[PDB]
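This report refers to the structure that appears directly beneath it.
Here the Cβ is made from the backbone with ideal geometry for all residues, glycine too, and neighbour counts use every protein chain on show. Numbers and lists here come from the model and the stated rules, or from a named source; these are not laboratory values.
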Amino acid sequence: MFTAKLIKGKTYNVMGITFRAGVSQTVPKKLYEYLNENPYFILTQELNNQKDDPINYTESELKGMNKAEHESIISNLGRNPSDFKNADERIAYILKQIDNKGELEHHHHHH
């Protein structure tokens, strides 16, 4: 997660985002580096998602995902992606786990 807080200003409108001095607001990577150039803000990025289940992603993202990326993914799963050499193999196998994420709130009082 990226966040910026106005240190130079008091109330400033960046593109379509409204920042105020003292007010931290979460921004995308685009705006983070955009405001990295613009010395009006203090920039801070922290990872709330330290570890998730790293073996299930968008096939669209995996279509543009590099060789070592696919490998490190399935390595975190605990499988050897060295046998799977073609993109088809690697993408399909990862898609099996995006299929394994069927439910999150299977708990009552939240249905």
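Filter region 55-86 down to the residues that are out of contact with any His (no Cβ under 8 Å at 6 or more places or on another chain), surrounded by 13 or more Cβ atoms within 10 Å (Cβ to Cβ) and of a type in the set (A, V, I, L, M) and list them by number. Once the filter is applied, which keeps residues that are out of contact with any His (no Cβ under 8 Å at 6 or more places or on another chain), surrounded by 13 or more Cβ atoms within 10 Å (Cβ to Cβ) and of a type in the set (A, V, I, L, M), region 55-86 yields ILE55, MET65, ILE73, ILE74, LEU77. Any residue in region 19-43 that is at negative phi sitting within a Cβ distance under 9 Å of a residue that is surrounded by 14 or more Cβ atoms within 10 Å (Cβ to Cβ) and not in a strand (DSSP E or B)? List the pairs, counting only those 6 or more apart or interchain. Short answer, once both residue conditions are applied: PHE19/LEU35; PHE19/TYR40; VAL27/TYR34; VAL27/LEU35; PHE41/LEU35; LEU43/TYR32; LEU43/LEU35. Any residue at all in region 83-99 that is part of a loop (DSSP other than H, G, I, E, B), outside the structural domain of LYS8 (by CATH), farther than 30 Å from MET15 by Cβ and among the hydroxyl-bearing types (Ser, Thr, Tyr)? No: region 83-99 contains no residue that is part of a loop (DSSP other than H, G, I, E, B), outside the structural domain of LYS8 (by CATH), farther than 30 Å from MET15 by Cβ and among the hydroxyl-bearing types (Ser, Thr, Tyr).
Scanning region 36-80 for residues that are of a type in the set (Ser, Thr, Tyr) and in a strand (DSSP E or B) turns up just one, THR44.
Every condition in (1) out of contact with any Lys or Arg (no Cβ under 9 Å at 6 or more places or on another chain); (2) surrounded by 14 or more Cβ atoms within 10 Å (Cβ to Cβ) holds for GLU33 except the one numbered (2). Regarding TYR57, is this residue aromatic (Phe, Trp, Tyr), within 17 Å of the chain's Cα centre (by Cα) and either in the same structural domain as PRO28 (by CATH) or farther than 30 Å from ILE7 by Cα (or both)? In short, yes.
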